[PDB]
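Per chain, numbering begins at 1; letters A, B, ... match sequence-line order. Whatever order the structure lists them in is the order used to number ligands and atoms, beginning at 1. Side chains included, hydrogens not; waters and symmetry mates left out as well; all remaining heavy atoms used.
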Amino acid sequence: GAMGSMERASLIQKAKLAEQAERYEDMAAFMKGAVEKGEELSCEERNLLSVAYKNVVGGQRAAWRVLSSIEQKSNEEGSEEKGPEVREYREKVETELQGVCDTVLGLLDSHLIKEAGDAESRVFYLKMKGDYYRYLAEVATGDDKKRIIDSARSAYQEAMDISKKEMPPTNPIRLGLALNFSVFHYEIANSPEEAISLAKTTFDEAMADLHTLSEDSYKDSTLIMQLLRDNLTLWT
Amino acid sequence: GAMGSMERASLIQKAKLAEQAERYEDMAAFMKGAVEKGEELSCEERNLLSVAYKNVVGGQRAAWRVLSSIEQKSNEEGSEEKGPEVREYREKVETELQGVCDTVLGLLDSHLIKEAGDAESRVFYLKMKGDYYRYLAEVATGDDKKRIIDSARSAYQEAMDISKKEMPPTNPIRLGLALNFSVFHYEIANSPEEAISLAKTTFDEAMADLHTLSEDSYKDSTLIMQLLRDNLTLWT
Amino acid sequence: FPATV
Amino acid sequence: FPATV
Ligand SMILES: *CC(=O)NCC1CCN(C(=O)C(C)(C)Oc2ccc(Cl)cc2)CC1
Ligand SMILES: *CC(=O)NCC1CCN(C(=O)C(C)(C)Oc2ccc(Cl)cc2)CC1
Ligand SMILES: [Mg+2]
Ligand SMILES: [Mg+2]
Ligand SMILES: [Mg+2]
Ligand SMILES: [Mg+2]
Ligand SMILES: [Mg+2]
Ligand SMILES: [Mg+2]
C-alpha cells in the first residue's frame, strides 16, 4: 500500500484536509490507508471513511446513469448505429465503480466487521456492506445479480436485527439504515410495499421517542425522519 | 500512451460522452490521446481539449487555494504546531497541478502550435500556453517564478499581436484572450492599471463593432464583453 | 431518485 | 476571483 509509510494520525489529518478541499478520491485513499493500519476506527474515523467513499461512488453512479441512458437510447428503433464506443465507455465507468465497491467491501471484510463488537460500530459497518452490495446490484445484469442482491439484503437484515435490539428508535444510524434498506426494497428488490411499510413504521417509532432527546439529538433524528417522509411522499 | 490503440474518432466520441457525464479527467485523457495521433484539431476538437483541461486544472486550483489558506493560517502567531501534514498535502496537490500544466504545455509544444497556421487556431493555442504558464505562476515561489511569469506574458503577447492583426475586435477568441491577459496583469504581473486599461479598451472596441454581427455572433461576443465589465466592476 | 444517507 | 475563460 502506498500509504504504508505514513503515520495513522497523519492519514486521518490528511483525510480531513482532503474533505475540506473536496478531494474525495484522496480522502478515500487516506482512509483506506488508515483502515489498513489494523486498529479499530473511532466514530469520527468511521464517518470519514463513509463520507469519502460515498462521494467517490456517488460520482461514479451519476456518471454511469448518464452513460447507461445514452446507451439505452442508442438501442431504440430508428437510432443510428454509432459503433461500440458508448458501451465501451459505460463499461469502463462500470468497472471502476465495481472496483471501488469491491475495495470498500474488502475493508469491511478485512477486518472491520469482525472486530466491531459494539452495536454502533457493527451496525454502521453492516449498513455500509449492504449499501456497497446495493451499488453493485444497480449495475448487475448477469448470472450473479440474484446473489449480489441477496448479499445486500443479508447485510441490511443483520444490521436491522442488531439495531432493533440494541439502539433506540431515534438513533441516527438506525434511522439511516432503515432509510437505505427501504430504498433497497423499492429500487432493487422490486418490493415497494415493503419499502413503504418500513419507512412508515421507522418514522412513526422515531416520532414516539423524540420526547426523550436533547435539542441536539432531536435535530439529528428529525433530519433523517424528514428523508423518510420525503421518500414516502415520492412513493405515494 | 494507453490511448495509442484507440481510433482518433473513437477518442473524440468518448471525450464528448465524458463531457456529458462530467468525467473531465477521462475527457482530458481522451483528448490527449486524440492530439497524440498527430493530426491538427478542428475548432470543435480544440474546444473539447480546452474544456477538459480547464475543468481538471480548475478543480486542482480550487483545492490548492483551500490548502494554501489552511497552511497560511498555520503559520500565524499563536497557531498550534500541527506537524508537516498541511505542507505535505498542499505539496501533493501542487505537484499534481504542475503535472497537468506540464502535460498541456507539452501537447502545445509537440506539436500543436507549430502546425497551427490559421489565426484562429494559433491564437487559441497561444492563449492556452499563456493560461497554463499563468497557473504555474500562481503556485510558483522559487528561482524560476520570474521566468514562468515571463513565459506566460510572452505567449499572451504573441497571441495578442496576431489577434489584433487578423481577427475582428468582436471575435470571441480575441475577447477571451484579452480577458485572461488582463487577469494575468492584475493577478500575476502586479500591473492593475494595465489590466484595467486592457479590459476597457477591449470592451470599447468590441462595442463599436457589434453592429456588423448576426444575432448569434452578437450573443457570443456580448457574453464575453460582460465578463470584461464584471472584472472592471470588481477592480474599480 | 430517493434519498439515502 | 476575477473572470477568465
Ligand atoms: C459514528 C457515528 O455515530 N456516525 C453516525 C452519524 C449520524 C448522523 N450523521 C449525519 O450526517 C446524518 C446525515 C444526519 O445522518 C446519518 C449519516 C450517516 C449515517 Cl450512516 C446515518 C445517518 C453523521 C454520522
Ligand atoms: C474553435 C473556436 O472558435 N473556439 C472558440 C469558441 C468561442 C466561444 N466559446 C465560449 O464558450 C465562450 C465562453 C462564449 O467564449 C470563449 C470560450 C473559450 C475561449 Cl478560449 C474564448 C471565448 C466557445 C469556444
Ligand atoms: Mg505509527
Ligand atoms: Mg460490466
Ligand atoms: Mg416489519
Ligand atoms: Mg486510425
Ligand atoms: Mg512545490
Ligand atoms: Mg495598449
Side-chain angles (χ1 to χ4, degrees), chain A residues 41-51 53-54 116 118-128 130-131 159 163 167 170-181 216-228, chain B residues 41-51 53-54 64 67-68 71 87-99 116 118-128 130-131 136 139-142 144-145 159 163 167 170-181 216-228, chain C residues 3-5, chain D residues 3-5:
Chain A
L41 303 187
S42 68
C43 173
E44 180 172 9
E45 296 161 353
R46 291 194 294 276
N47 292 331
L48 291 166
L49 175 70
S50 71
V51 166
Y53 281 108
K54 173 171 168 54
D118 289 356
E120 292 71 23
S121 54
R122 188 168 189 90
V123 172
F124 187 99
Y125 295 133
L126 288 166
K127 178 189 169 291
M128 287 183 64
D131 288 333
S163 73
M167 292 169 154
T170 45
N171 178 283
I173 300 161
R174 175 167 172 182
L175 291 175
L177 167 61
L179 182 73
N180 291 15
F181 191 28
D216 277 28
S217 291
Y218 175 96
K219 182 165 182 309
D220 291 323
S221 299
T222 59
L223 186 143
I224 305 165
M225 291 169 63
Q226 186 60 57
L227 303 177
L228 294 160
Chain B
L41 303 187
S42 68
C43 173
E44 180 172 9
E45 296 161 353
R46 291 194 294 276
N47 292 331
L48 291 166
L49 175 70
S50 71
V51 166
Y53 281 108
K54 173 171 168 54
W64 183 95
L67 297 176
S68 184
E71 193 179 9
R87 177 189 53 79
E88 284 171 353
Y89 187 48
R90 186 269 302 153
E91 287 175 351
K92 182 187 169 157
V93 170
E94 182 172 305
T95 297
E96 292 184 14
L97 183 160
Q98 292 168 321
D118 289 356
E120 292 71 23
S121 54
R122 188 168 189 90
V123 172
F124 187 99
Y125 295 133
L126 288 166
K127 178 189 169 291
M128 287 183 64
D131 288 333
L136 293 173
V139 306
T141 58
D144 276 329
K145 188 183 165 54
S163 73
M167 292 169 154
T170 45
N171 178 283
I173 300 161
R174 175 167 172 182
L175 291 175
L177 167 61
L179 182 73
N180 291 15
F181 191 28
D216 277 28
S217 291
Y218 175 96
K219 182 165 182 309
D220 291 323
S221 299
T222 59
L223 186 143
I224 305 165
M225 291 169 63
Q226 186 60 57
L227 303 177
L228 294 160
Chain C
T4 56
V5 301
Chain D
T4 56
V5 301

Report task. Taking atom 10 (C) of ligand 1 as the reference point, report whether a protein heavy atom occurs under 4.0 Å from it. Result -> no
Query raised in the report: If you measure from CG on A/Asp131 to CG on A/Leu177, what distance do you get to the nearest 0.5 Å?
Result: 8.5 Å
Query - Approximate separation, where rounding is to 0.5 Å, of B/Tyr125 OH and B/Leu41 CG - result: 3.5 Å
Query raised in the report: Are any of the protein's heavy atoms under 4.0 angstrom from atom 21 (C) of ligand 2, yes or no?
Result: yes
Report task. Could you pull out, from B/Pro172, B/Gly176, B/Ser221, the option with a heavy atom nearest to atom 7 (C) of ligand 2? Result -> B/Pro172
Query - Heavy atom of A/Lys127, distance to ligand 1 below 4.0 Å - result: yes
Query raised in the report: Who's the nearest protein heavy-atom neighbour of atom 6 (C) of ligand 2, and how far?
Result: B/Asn47 OD1, 4.0 Å
Report task. Decide if atom NZ of B/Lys219 counts as having more than 12 heavy atoms of other residues, nucleotides or ligands within a radius under 6.0 Å. Result -> no
Query raised in the report: With a 4.0 Å cut-off, would you call B/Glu88 and B/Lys92 a salt bridge?
Result: no
**Report entry** Contact check: B/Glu94 to the Mg ion (ligand 7), N/O/S below 2.8 Å
**Finding:** yes
**Report entry** B/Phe124 and B/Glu120, any side-chain heavy atoms less than 4.5 Å apart
**Finding:** no
Query - From D/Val5, B/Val123, B/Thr222, B/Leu223 - option closest to atom 19 (C) of ligand 2 by heavy atom - result: D/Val5
Query raised in the report: Under a 4.5 Å cut-off applied to non-hydrogen side-chain atoms, are A/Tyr218 and A/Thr170 in contact?
Result: no
Query - Protein contact to atom 3 (O) of ligand 2 [nearest heavy atom, distance to 0.1 Å] - result: B/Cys43 SG, 3.1 Å
Query raised in the report: Are B/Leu175 and B/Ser221 side-chain neighbours, meaning at least one heavy-atom pair lies under 4.5 Å?
Result: yes
Query raised in the report: Would you say atom 1 (C) of ligand 1 has a protein heavy atom nearer than 4.0 Å?
Result: yes
Report summary line: Ranked by distance from atom 15 (O) of ligand 2, the top protein heavy atom is B/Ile224 CD1, 3.3 Å
